[PDB]
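A.B. asks: chains from the complex, first installment, not repositioned:
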Amino acid sequence: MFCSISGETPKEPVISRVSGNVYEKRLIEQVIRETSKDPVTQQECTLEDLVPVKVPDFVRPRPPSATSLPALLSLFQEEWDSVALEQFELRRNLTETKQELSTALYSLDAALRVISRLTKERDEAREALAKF
Amino acid sequence: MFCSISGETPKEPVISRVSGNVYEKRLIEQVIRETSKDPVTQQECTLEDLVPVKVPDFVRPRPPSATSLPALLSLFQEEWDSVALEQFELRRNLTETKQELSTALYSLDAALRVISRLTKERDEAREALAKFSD
């Protein structure tokens, strides 16, 4: 919708075959007449390499929305990858939580064994105090 | 805005060289898989015949209620039925148009026979008028 040569929109857009770009008829024919080169990609171009618009055709269009089956299937896979991305993030969180859970698990088991051994020592010390 | 094959809006439209028309990649690829040619021109075509061009893409605005949910499956069934009914209408249109074409062609051939016969009667009638004048 923008022409690189002049910066203005093309009234009659034309697509160059050599390099995909949208030009306007007057300026593109000027640059073709002055030389056989592409003003952007500095490559050989001709009159036939310019492609006018053949939009009309004969077939029946659709609304550009999510109400057509290619579009609707695009929304299908969008829903699917959205719930997939949610599963990805939550599974990262699950594995991180599993790692820290295991760390806390062995820390707590060691702490419980320490508590048991200590309480044994303290029962011994209480017996030693009571020996008198 | 509409792919020339189904009318679908091509998010990635292409243009050809023998006949530049807006086409969608997947459908021309499946046509090449079926027949390695272009039925539009009855000519050989390759994968490179399309050129990926730049388009702003067609924004796809969502209806009041399209947020996943069984709305999406109801739309699945509805568009199934809709494209299939379009297919039925178009097939029966084939059958009606061909039968009407055959009837019209028969009437046209009979018209040709009768115009020839009537033209011959003109020739004898004109000659009869001219020969009465003596």
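C.D. replies: Received, thanks. Residues are numbered from 1 along each chain as shown, chains lettered A, B, ... in the order given.
A.B. asks: in stretch A:109-123, what counts as buried?
C.D. replies: Neighbour counts over stretch A:109-123 (16 or more other C-beta atoms under 10 Å in any protein chain shown) mark no residue as buried. All C-beta spots, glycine's among them, are computed from the backbone N, C-alpha and C.
A.B. asks: how many residues are close by the residue lying closest to residue A:49 once chain neighbours are set aside?
C.D. replies: Excluding its sequence neighbours, the residue lying closest to residue A:49 (C-beta to C-beta, 6 or more residues apart in numbering or on different chains) is residue A:17, at 4.1 Å. Number of residues near residue A:17 (other C-beta atoms under 10 Å in any protein chain shown) recorded here: 16.
A.B. asks: residues touching residue A:17, list them.
C.D. replies: Residues near residue A:17 by C-beta atoms under 8 Å, 6 or more residues apart in numbering or on different chains: A:45, A:48-51, B:17, B:51.
A.B. asks: try 10 Å
C.D. replies: Going by C-beta atoms under 10 Å, 6 or more residues apart in numbering or on different chains, residue A:17 touches A:38, A:45-46, A:48-51, B:15, B:17, B:20, B:51.
A.B. asks: ok, the helix or strand hosting residue A:80 near chain B or not?
C.D. replies: Here residue A:80, judged by DSSP states H and E, is contained in helix A:69-130. Yes: applying C-beta under 10 Å from any C-beta of the partner chain, one finds that helix A:69-130 is in contact with chain B at A:69-76, A:78-80, A:82-83.
A.B. asks: quick check: residue A:128 vs chain B, distance?
C.D. replies: 71 Å (C-beta to the nearest C-beta, to the nearest Å).
A.B. asks: go ahead and place chain C:
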Amino acid sequence: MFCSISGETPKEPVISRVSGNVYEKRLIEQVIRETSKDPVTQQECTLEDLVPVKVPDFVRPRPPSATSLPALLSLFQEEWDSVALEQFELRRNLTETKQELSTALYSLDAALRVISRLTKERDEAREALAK
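C.D. replies: Okay, here's chain C dropped in alongside the others:
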């Protein structure tokens, strides 16, 4: 070919120059669009840090027998059920790890208190032994 992201076989594996790891180009590009930083090293990442690579494609199961084919909804229901179960288990993991953290806090606190008990009782016993 063991993809570190979900476990599913990646049809487009990629390599990283700084730290080669199995991802997919589209997903890493989308994440960089969200946050243009390296997730592991916490460093800035650009779009040119990945090198193109070729892939040999895979096969599809293509379910036959074409009978009104409504099973898609049941598979969808199963997918949301699975994600809901996994969310519940996220909740359970968080709760259990916090409970363990709290239990560890008081276990170490009790260790301190009981070691104060030990040192005082041992001092008492040794002093009375000296007496």
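A.B. asks: repeat for the buried residues of stretch A:109-123, accounting for chain C.
C.D. replies: In stretch A:109-123, counting by 16+ other C-beta under 10 Å, buried: A:111, A:114-115, A:118, A:121-122.
A.B. asks: about what we covered before: show me what the helix holding residue A:80 is packed up against.
C.D. replies: Applying 3 or more C-beta pairs under 10 Å, 6 or more residues apart in numbering or on different chains; DSSP states H and E, we find helix A:69-130 packed against helix B:69-132, helix C:25-34, helix C:71-130.
A.B. asks: distance from the chain centre to the last one, please.
C.D. replies: What it means is helix C:71-130. Centre-to-centre, helix C:71-130 and its host chain are 19 Å apart (C-alpha atoms, centre = their mean, to the nearest Å).
A.B. asks: residue A:27 is in contact with residue A:3, isn't it?
C.D. replies: Yes: contact criterion C-beta atoms under 10 Å: residue A:27 and residue A:3 qualify, at 6.8 Å.
A.B. asks: shared neighbours, these two?
C.D. replies: In contact with both residue A:27 and residue A:3: A:10, A:14, using C-beta under 10 Å, 6+ apart.
A.B. asks: number of nearby residues for residue A:70?
C.D. replies: Residues lying near residue A:70 (other C-beta under 10 Å) number 16.
A.B. asks: that one contacts residue A:64, correct?
C.D. replies: No: using C-beta under 10 Å, residue A:70 is not in contact with residue A:64; the gap is 11.2 Å.
A.B. asks: if we look at stretch A:98-108, which residues are touching it?
C.D. replies: So stretch A:98-108 is contacted by A:94, A:111, C:93-94, C:96-105, C:107-108 (C-beta under 10 Å, 6+ apart).
A.B. asks: swap in 8 Å and give it another go.
C.D. replies: C:93, C:96-97, C:100-101, C:103-104, C:107.
A.B. asks: add chain D to what we have:
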Amino acid sequence: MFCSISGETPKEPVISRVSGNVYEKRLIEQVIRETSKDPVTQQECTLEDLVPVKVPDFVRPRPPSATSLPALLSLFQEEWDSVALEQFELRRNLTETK
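C.D. replies: Okay, chain D now, added to the rest:
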């Protein structure tokens, strides 16, 4: 699924950044040790260029079950594409017959 040097199935997928081709880690290492250049374009190759050891960790790999969503998704897309092709062919035939 085969190497370009020996032909056996490569258990360790490795590829050079400089040149895009399928190789094997042991053979490419032997080539580098013999000559410190790429055999194709005569470009330098280092250890960090190669693919490092594979890292399967925290993956819990569910086997690739047959019954799955992508098959139905692709089937529906291929169906619609074929039926739309049929609509095009017969709309052209319809305009011709009209």
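A.B. asks: again for the buried residues of stretch A:109-123, chain D present now?
C.D. replies: By 16+ other C-beta under 10 Å, the buried positions in stretch A:109-123 come out as A:111, A:114-115, A:118, A:121-122.
A.B. asks: CA atoms of stretch A:8-24 as PDB?
C.D. replies: Listed next in PDB are the C-alpha coordinates belonging to stretch A:8-24 (Å, rounded to 0.1, in the frame of the first residue of the first chain):
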ATOM      1  CA  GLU A   8       2.700   7.600  -1.700                       C
ATOM      2  CA  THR A   9       0.000   4.900  -2.100                       C
ATOM      3  CA  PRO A  10      -0.300   3.400  -5.600                       C
ATOM      4  CA  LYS A  11      -3.700   4.200  -7.300                       C
ATOM      5  CA  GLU A  12      -3.200   1.200  -9.600                       C
ATOM      6  CA  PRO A  13      -0.800  -1.100  -7.700                       C
ATOM      7  CA  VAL A  14       1.600  -3.300  -9.600                       C
ATOM      8  CA  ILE A  15       3.800  -6.200  -8.400                       C
ATOM      9  CA  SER A  16       7.300  -6.600  -9.800                       C
ATOM     10  CA  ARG A  17       8.200 -10.200 -10.700                       C
ATOM     11  CA  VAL A  18      11.900 -10.000 -10.100                       C
ATOM     12  CA  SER A  19      11.400  -8.600  -6.500                       C
ATOM     13  CA  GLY A  20       8.200  -8.600  -4.600                       C
ATOM     14  CA  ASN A  21       7.200  -4.900  -4.200                       C
ATOM     15  CA  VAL A  22       4.200  -2.800  -4.800                       C
ATOM     16  CA  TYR A  23       4.700   0.100  -7.200                       C
ATOM     17  CA  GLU A  24       2.500   2.600  -9.000                       C
END
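A.B. asks: buried residues in that stretch?
C.D. replies: A:10, A:13-18, A:20-24.
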